[PDB]
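First up is the structure itself, then whatever we jot down about it.
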Amino acid sequence: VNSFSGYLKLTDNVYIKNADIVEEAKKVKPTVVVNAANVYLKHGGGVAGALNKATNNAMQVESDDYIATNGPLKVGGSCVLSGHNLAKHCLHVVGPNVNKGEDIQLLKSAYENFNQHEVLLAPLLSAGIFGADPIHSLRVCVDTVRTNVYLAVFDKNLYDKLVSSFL
Ligand SMILES: O[C@@]1(CNc2ncnc3[nH]ccc23)CCCOC1
């Protein structure tokens, strides 16, 4: 039993809710919140920009030190950093960004990072400003993640379509 509330149950391990991931994380304080990161951990917009704003830019400061030490992530890769005031940990995961011409096949690799964590609050990878079809992203999530994932979909209109079209 966990403290995630109000989710629709898509599968054995995947749950979905129309919610702002920022407001969700502040309420639940999960062990892990997933950020929709880019390889530079530049959290300018989308989910990343919003999560960073909620940390008062502490996420960006930590991220800049991480990059200065380690260099950029790989597309499809991840790193574990602090969750600041939102969660114990933040798993920064880089899905392919279609608006940059990145290979959508790397989306499965991106979701594989979730399997290293027993429970996660997460967005749909490569959705929103990363330009991929959120229906496809949900499909890959369900077919790749085996740990317990609580998906937050910000757009209510998108949330209803994801449920109504889920096979
Ligand atoms: O752009 C989308 C992804 N963005 C977010 N997802 C969850 N919570 C969020 N809070 C702020 C942004 C944000 C909107 C939701 C559906 O997929 C694309």
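Chains: A, B, ... in order of the structure tokens. Residues: from 1 per chain. Ligands: from 1, in order shown.
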
Can you work out which residues are within 7 Å of ligand 1, considering only C-alpha atoms and all ligand atoms, and then hand them over as a list in words? residues 19, 20, 21, 22, 46, 47, 50, 123, 124, 127, 128, 129, 134, 152, 153, 154, 155 and 158 of chain A

Nearby residues (only C-alpha atoms) at most 12 Å from residue 117 (chain A), same-chain spacing under 5 positions excluded, as a VMD selection string: chain A and resid 30 to 34 80 89 to 91 111 to 112 122 145 to 149

Those same residues - N, CA, C and O atoms - I'd like them written as a PDB file, in the first residue's frame.
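This went into out.pdb:
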ATOM      1  N   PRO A  30       7.030  11.394  -3.036  1.00  0.00           N
ATOM      2  CA  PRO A  30       7.398  10.016  -3.366  1.00  0.00           C
ATOM      3  C   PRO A  30       8.889   9.782  -3.214  1.00  0.00           C
ATOM      4  O   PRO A  30       9.702  10.708  -3.243  1.00  0.00           O
ATOM      5  N   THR A  31       9.242   8.504  -3.078  1.00  0.00           N
ATOM      6  CA  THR A  31      10.652   8.134  -3.090  1.00  0.00           C
ATOM      7  C   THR A  31      11.330   8.630  -4.362  1.00  0.00           C
ATOM      8  O   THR A  31      12.499   9.040  -4.327  1.00  0.00           O
ATOM      9  N   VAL A  32      10.611   8.624  -5.489  1.00  0.00           N
ATOM     10  CA  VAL A  32      11.199   8.992  -6.774  1.00  0.00           C
ATOM     11  C   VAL A  32      10.176   9.761  -7.596  1.00  0.00           C
ATOM     12  O   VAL A  32       9.084   9.247  -7.878  1.00  0.00           O
ATOM     13  N   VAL A  33      10.546  10.966  -8.022  1.00  0.00           N
ATOM     14  CA  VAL A  33       9.858  11.672  -9.093  1.00  0.00           C
ATOM     15  C   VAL A  33      10.751  11.659 -10.325  1.00  0.00           C
ATOM     16  O   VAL A  33      11.961  11.889 -10.230  1.00  0.00           O
ATOM     17  N   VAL A  34      10.154  11.373 -11.482  1.00  0.00           N
ATOM     18  CA  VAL A  34      10.876  11.371 -12.745  1.00  0.00           C
ATOM     19  C   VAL A  34      10.782  12.744 -13.391  1.00  0.00           C
ATOM     20  O   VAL A  34       9.688  13.310 -13.521  1.00  0.00           O
ATOM     21  N   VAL A  80      20.351   9.751 -11.129  1.00  0.00           N
ATOM     22  CA  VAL A  80      19.626   9.981  -9.888  1.00  0.00           C
ATOM     23  C   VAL A  80      20.250  11.164  -9.170  1.00  0.00           C
ATOM     24  O   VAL A  80      21.444  11.148  -8.856  1.00  0.00           O
ATOM     25  N   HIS A  89      14.215  11.475  -4.155  1.00  0.00           N
ATOM     26  CA  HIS A  89      15.120  11.471  -5.287  1.00  0.00           C
ATOM     27  C   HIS A  89      14.382  11.954  -6.521  1.00  0.00           C
ATOM     28  O   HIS A  89      13.168  11.769  -6.657  1.00  0.00           O
ATOM     29  N   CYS A  90      15.138  12.546  -7.438  1.00  0.00           N
ATOM     30  CA  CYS A  90      14.662  12.803  -8.789  1.00  0.00           C
ATOM     31  C   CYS A  90      15.461  11.946  -9.762  1.00  0.00           C
ATOM     32  O   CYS A  90      16.695  12.039  -9.814  1.00  0.00           O
ATOM     33  N   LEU A  91      14.755  11.113 -10.522  1.00  0.00           N
ATOM     34  CA  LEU A  91      15.351  10.362 -11.621  1.00  0.00           C
ATOM     35  C   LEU A  91      15.193  11.190 -12.892  1.00  0.00           C
ATOM     36  O   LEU A  91      14.081  11.331 -13.418  1.00  0.00           O
ATOM     37  N   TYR A 111      12.511   4.403 -20.900  1.00  0.00           N
ATOM     38  CA  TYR A 111      11.623   3.813 -19.901  1.00  0.00           C
ATOM     39  C   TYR A 111      12.296   2.693 -19.109  1.00  0.00           C
ATOM     40  O   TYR A 111      11.920   2.452 -17.958  1.00  0.00           O
ATOM     41  N   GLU A 112      13.280   1.995 -19.694  1.00  0.00           N
ATOM     42  CA  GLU A 112      13.963   0.932 -18.950  1.00  0.00           C
ATOM     43  C   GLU A 112      14.595   1.452 -17.664  1.00  0.00           C
ATOM     44  O   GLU A 112      14.722   0.703 -16.687  1.00  0.00           O
ATOM     45  N   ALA A 122       5.742   9.785 -12.376  1.00  0.00           N
ATOM     46  CA  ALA A 122       6.410  10.086 -13.630  1.00  0.00           C
ATOM     47  C   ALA A 122       5.492  10.758 -14.639  1.00  0.00           C
ATOM     48  O   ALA A 122       4.267  10.582 -14.589  1.00  0.00           O
ATOM     49  N   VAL A 145       8.009  -0.857 -18.626  1.00  0.00           N
ATOM     50  CA  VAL A 145       8.168  -0.705 -17.190  1.00  0.00           C
ATOM     51  C   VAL A 145       7.479  -1.864 -16.489  1.00  0.00           C
ATOM     52  O   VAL A 145       6.315  -2.177 -16.774  1.00  0.00           O
ATOM     53  N   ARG A 146       8.204  -2.493 -15.564  1.00  0.00           N
ATOM     54  CA  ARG A 146       7.690  -3.581 -14.749  1.00  0.00           C
ATOM     55  C   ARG A 146       7.491  -3.196 -13.294  1.00  0.00           C
ATOM     56  O   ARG A 146       6.765  -3.896 -12.577  1.00  0.00           O
ATOM     57  N   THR A 147       8.113  -2.106 -12.850  1.00  0.00           N
ATOM     58  CA  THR A 147       7.916  -1.585 -11.511  1.00  0.00           C
ATOM     59  C   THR A 147       6.661  -0.712 -11.495  1.00  0.00           C
ATOM     60  O   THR A 147       5.996  -0.513 -12.521  1.00  0.00           O
ATOM     61  N   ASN A 148       6.290  -0.221 -10.317  1.00  0.00           N
ATOM     62  CA  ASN A 148       5.010   0.462 -10.153  1.00  0.00           C
ATOM     63  C   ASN A 148       5.156   1.927 -10.528  1.00  0.00           C
ATOM     64  O   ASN A 148       5.911   2.670  -9.889  1.00  0.00           O
ATOM     65  N   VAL A 149       4.447   2.342 -11.570  1.00  0.00           N
ATOM     66  CA  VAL A 149       4.578   3.689 -12.099  1.00  0.00           C
ATOM     67  C   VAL A 149       3.231   4.395 -12.052  1.00  0.00           C
ATOM     68  O   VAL A 149       2.204   3.857 -12.503  1.00  0.00           O
TER      69      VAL A 149
END

Quick one: DSSP alpha helix (DSSP H) residues in chain A, as a PyMOL selection string? chain A and resi 21-28+46-54+58-70+106-112+134-144+156-164

Minimum-distance residue to residue 165 (chain A), chosen among A:39, A:125, A:106, A:10 (using only C-alpha atoms): A:10

Hey, which of A:2, A:38, A:137, A:82 ends up closest to residue 59 (chain A)? Count only C-alpha atoms. A:82

Tell me which protein, DNA and RNA residues are within 9 Å of region 100-104 of chain A, counting only C-alpha atoms, leaving out same-chain ones fewer than 6 positions away, and put them as a list in words. residues 75, 126, 130, 131 and 132 of chain A

Pairwise distance for CA of residue 88 (chain A) and CA of residue 118 (chain A), rounded to one decimal in Å: 13.5 Å
